[PDB]
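First the structure, in the form of structure tokens, and then the observations on it.
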Amino acid sequence: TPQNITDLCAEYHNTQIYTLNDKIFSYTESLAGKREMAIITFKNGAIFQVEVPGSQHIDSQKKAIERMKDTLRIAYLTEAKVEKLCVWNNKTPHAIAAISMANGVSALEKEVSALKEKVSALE
Amino acid sequence: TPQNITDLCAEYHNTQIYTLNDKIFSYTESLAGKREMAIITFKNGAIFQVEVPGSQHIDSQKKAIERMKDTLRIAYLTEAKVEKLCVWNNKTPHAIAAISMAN
Amino acid sequence: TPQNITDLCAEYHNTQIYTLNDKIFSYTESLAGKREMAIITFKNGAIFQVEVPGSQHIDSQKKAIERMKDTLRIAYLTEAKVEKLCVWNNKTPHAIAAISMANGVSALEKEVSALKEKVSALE
Amino acid sequence: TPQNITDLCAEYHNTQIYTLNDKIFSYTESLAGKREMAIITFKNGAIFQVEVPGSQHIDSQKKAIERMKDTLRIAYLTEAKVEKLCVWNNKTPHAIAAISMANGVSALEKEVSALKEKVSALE
Amino acid sequence: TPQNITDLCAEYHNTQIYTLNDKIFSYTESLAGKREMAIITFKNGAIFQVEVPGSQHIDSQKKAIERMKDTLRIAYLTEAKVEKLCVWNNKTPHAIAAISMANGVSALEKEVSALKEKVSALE
Amino acid sequence: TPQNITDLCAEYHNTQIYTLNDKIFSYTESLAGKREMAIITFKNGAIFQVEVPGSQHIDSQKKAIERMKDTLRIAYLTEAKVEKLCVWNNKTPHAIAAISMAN
Amino acid sequence: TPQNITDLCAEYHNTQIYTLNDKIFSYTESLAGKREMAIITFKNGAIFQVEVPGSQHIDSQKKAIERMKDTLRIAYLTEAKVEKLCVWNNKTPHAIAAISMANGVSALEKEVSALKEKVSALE
Amino acid sequence: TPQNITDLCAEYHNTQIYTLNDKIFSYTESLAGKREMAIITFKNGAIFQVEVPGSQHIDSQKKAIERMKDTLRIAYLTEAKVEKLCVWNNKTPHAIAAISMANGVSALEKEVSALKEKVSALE
Amino acid sequence: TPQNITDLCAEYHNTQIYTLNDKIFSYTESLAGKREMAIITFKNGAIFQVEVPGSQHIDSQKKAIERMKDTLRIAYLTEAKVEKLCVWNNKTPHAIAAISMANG
Amino acid sequence: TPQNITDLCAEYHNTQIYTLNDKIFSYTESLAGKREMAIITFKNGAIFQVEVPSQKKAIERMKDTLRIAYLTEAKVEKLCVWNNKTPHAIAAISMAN
């Protein structure tokens, strides 16, 4: 089994890693017949879909497709930084196979950066 | 496959885009028999429904109808700006087909 | 199709609107056999149930009953103001048929917003 | 139908109310075979389970058992005060039948306590 | 029935406890065929999977596997401290069987709560 | 005669409307033999060509092909918002038949 | 020889003047076979074409048809106010025969700009 | 049923909305045989007819055609602002299908209402 | 016979009173085939129709439907305050059954 | 058909991409007999020509493009050029903002 999104992506044909290290700029979701899909965009202009469930998906993927749309919605609403997407590049928009989320800047490191902006203003 | 909500909307008859760039003013949900629906309003007076699941929906839409109501509830509670709604204008209130959210 | 909770409520026998414009005071939930239910209270003493799923519910209501309990829990935890409840008054406690949530700025909350504009101008 | 957790608890044999008026100290969850369960602890040392679904549960309880675990997880993560648990005391750990969460200390009452500290310092 | 994650872990072959007392550093999820899985990492370099559902899982574990992925996602997004993981050490990465989450207010988090009380009093 | 780009587009086989409501991200032009063409891109990754003049064009189109390339160049340089493109989806990149610009 | 667009328009059958004193709202141009045309719209809903070159045009018009499309494009892109169009009303959309551009500050608009300079000087 | 003139107009082929926000400049009416019609003009040069009844009208439209001519006459005589016209653009002049009247206070009409409040305060 | 619009409204199924105490904001009328109708709006966003004459109308209503459209037009043009509308709420927009105007 | 200037350039033997991401520093044009040409330079020191002559129209278009790019200070992203000419001769140009 792979230990990271890059190794996972390399197990499939017609995939590539996009490194975004950015939050999602827009979240679109449709319930229209044969377009039951999600689309996300990033500030850099990159567009990605979760595909409509279809004949190219095996039964095991059905729950994971629904989970991916839940993940993208809550990621968008919490402004979570997306590290990488593994996508199928034979679809337009490119179709999400996997997502990694990583921050960098530690939990109380955002309250230490804010008491360094309030501390270099008073004394 | 369409790349944005406007192109998606243009694939259906009786639809139009509303551009709101505003958070939801009110969220209403009903479990009453034959009215298992949601209604959202905006400060500008615009009213929209997620339709009762029915004979005009194909099986693939059932999960997406439930997802749309989850999306509208969490959008309301987080005050997320709605950019655009694609709606059917042959229903009263106009019925949501798609939503875009942008900060 | 009705356009608001008041018109929706008027389509049923044995219903009434309560206007609360208040957050939920208490949330109670049970997994005990034949009492798989939720109960909410308001400061004013109003008590409401989501009924145990049963013989008086049609199949289309099963998901909506589960959704209503999700809505009440997240409303309670976020202190969301409930605007109106449509309830069946032939049940004890009164049984929820529908809920509306709106940001209806409270009575003394307009005099607290005006002593925050007069207080952030003097000192 | 009972109107509160105390009346609900009194409808079952081998139950008791614990009053905690405290947030959950720990949340534990297992996917291990025959131990698909949750355990919560409180600072006072109290330990409670949501039981593994089993032959002592009726079909109606299946969804409510899953809902209880969702409720305990979101309560833990939001630090919501648990008021009371109704539990079966013939199980070890004691098994959750119902939960109440209660609010009280008012919304704009924290902004009125803070404009009484800022108002008795300037003028 | 066990009362904590350590006793639960000792009931299975090929398991061990890792004590992290740290939030999740990265969350990865895949909908790709035969890799419908999650991977979490910690700052200390530890990598863990939620396994692809398969022939080694009994029916009761299906829901608990889906719950574990929901728990890891919301834990990542809220920066919840993970206390312990019970894992199968015959898988690579080690496969999660159970998770415990406990508050314990962090080391320098008591000196950050005290430089927020001394910083909101002077300037 | 059609009154808008969408009605114009519907008079041809193998065409579709893309709604961009965005300025052009890149303008490419080539004088290389058998590739005397222009390519525009948008931020969203959409790529469109003005085709090399060829056997599939009638004489009346020659001037309009040259005009389209002038329009795309001045639109790019002024950052004018493109509303819609009517394109042939039979070609890769999709080939521009018409453009609308709206404020 | 006519002295202005209104005199020019009166020399043709089936023509009329539209006074817009407004910039072009939209510019549409097509290279599609048999639709080598331009369409402009104004905010007020008026739609106008430059006709496809055809059997109703004399050779002298060919260059002027190409010039009109250049004029409409540069007028659109510079937001130049169109004063008047002379159009054929026997075509749908109405077909442009001539255009006048003047940046015309309206009749009583010069006496309203002068009673705003005399009114923001007294009180 | 449509809720405004724009939605009504979109239900017909060969129609468009003109937004005038202006009173009628001229009203023309004829009782001459086969020309029993009305023509209105606006300052901007727009010309519109109510068609002679016969040819292409169903019986239910006869009263509505007579009503439209009454509406245009009283609108002209009262200088009522016409907001929008829905017209058939396959007729010359364009033929009225519907009219909206709204009192949308013109651009420099808000600066003329404000130099009437500043002029009835000084002298 | 009822003595006011509220009592009149209560004699019909699917009706309700709207109290506007405001002049009409917009008046729309159509002569288009199968849409021979009027629409009025108020500043508060309320939208009402006079329905297309149809199979749901009895012969006695034909003249009253034409009268209602005359009333709404002259009310709009004189800025007369509308007190109440009795409307059918099973139509979209809600369909006018009666109107009261009070000078006060 | 190629979808970008780099793929277009790779279809020809004597060509290479220069990445400038800079506006044109100088624009020179000549109407002199047998030297009806344009020369552009970049701050970098790079010099490029549009060679002296349906490619007829494209040669004229390229000179129009270089002139309006110079006058608007538009950033040139890439040039595809023939490296068997001195100065190197422009085959294609990409502009990105």
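Note that the protein sequences, when read in sequence, are chains L, K, O, N, M, D, E, G, H and C.
Going by PDB author numbering, the first residue of the first sequence is number 1, and it counts up by one from there.
Going by PDB author numbering, the first residue of the second sequence is number 1, and it counts up by one from there.
Going by PDB author numbering, the first residue of the third sequence is number 1, and it counts up by one from there.
Going by PDB author numbering, the first residue of the fourth sequence is number 1, and it counts up by one from there.
Going by PDB author numbering, the first residue of the fifth sequence is number 1, and it counts up by one from there.
Going by PDB author numbering, the first residue of the sixth sequence is number 1, and it counts up by one from there.
Going by PDB author numbering, the first residue of the seventh sequence is number 1, and it counts up by one from there.
Going by PDB author numbering, the first residue of the eighth sequence is number 1, and it counts up by one from there.
Going by PDB author numbering, the first residue of the ninth sequence is number 1, and it counts up by one from there.
Heads up: the tenth sequence runs through residues 1 to 53, 60 to 103, numbered per PDB author numbering.
A virtual CB, placed ideally from N, CA and C, is assigned to each residue, including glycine.
Express the C-alpha separation of residue j and residue i in angstroms, rounding to a whole number.
i	j	result
O/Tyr27	O/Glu36	14 angstroms
N/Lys43	N/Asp70	21 angstroms
O/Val112	L/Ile96	48 angstroms
L/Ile47	L/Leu85	11 angstroms
C/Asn14	C/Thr1	19 angstroms
E/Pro93	L/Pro53	44 angstroms
L/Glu109	L/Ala10	34 angstroms
G/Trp88	E/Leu8	28 angstroms
M/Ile74	M/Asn103	15 angstroms
L/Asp59	L/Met68	15 angstroms
K/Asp22	E/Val105	36 angstroms
residue 162 of chain N	K/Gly45	Shown here, chain N extends from 1 to 123; a query on residue 162 of chain N therefore has no answer.
H/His57	K/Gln3	48 angstroms
K/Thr41	H/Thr41	19 angstroms
L/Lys34	O/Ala107	48 angstroms
Can you name the residues that DSSP bridges to residue i?
i	result
L/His94	L/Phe48
M/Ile99	N/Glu29, M/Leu85
Does the distance from the CB of residue i to the CB of residue j come in under 8 angstroms?
i	j	result
E/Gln49	E/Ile39	yes
M/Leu77	L/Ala80	yes
E/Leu72	G/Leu115	no
M/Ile5	M/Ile24	no
H/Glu51	H/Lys91	yes
L/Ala121	M/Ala32	no
G/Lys63	E/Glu123	no
N/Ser100	N/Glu83	yes
Contact criterion: CB-CB distance below 8 angstroms. Does residue i meet it with respect to chain G?
i	result
H/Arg73	yes
H/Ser55	no
E/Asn44	yes
E/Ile47	yes
Could you spell out the range, first to last residue, of the beta strand (DSSP E) harbouring residue i?
i	result
E/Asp22	15-22
C/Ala38	38-41
O/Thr6	Note, O/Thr6: premise wrong, no beta strand (DSSP E); alpha helix (DSSP H) at 5-9.
Check whether the Cβ of residue i lies closer than 8 angstroms to any Cβ atom in chain N.
i	result
M/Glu83	yes
M/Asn89	no
Check the Cβ-Cβ distances between residue i and every residue of chain D, and say whether any is below 8 angstroms.
i	result
C/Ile65	yes
E/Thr92	yes
E/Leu122	no
E/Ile40	no
For the alpha helix (DSSP H) holding residue i, just list the boundary residues, first then last.
i	result
G/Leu77	61-78
E/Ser30	That residue, E/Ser30, is in no alpha helix (DSSP H); its beta strand (DSSP E) goes 26-30.
M/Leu122	No alpha helix (DSSP H) holds M/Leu122; DSSP gives it neither H nor E.
G/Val105	From DSSP, G/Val105 is part of no alpha helix (DSSP H); its letter is neither H nor E.
Step through the CB atoms of chain L and report whether any lies within less than 8 angstroms of the CB of residue i.
i	result
M/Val119	yes
K/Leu8	yes
K/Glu36	no
M/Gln61	no
So with Cβ pairs under 8 angstroms, would you call residue i a contact of chain E?
i	result
D/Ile5	yes
G/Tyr27	no
D/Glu11	yes
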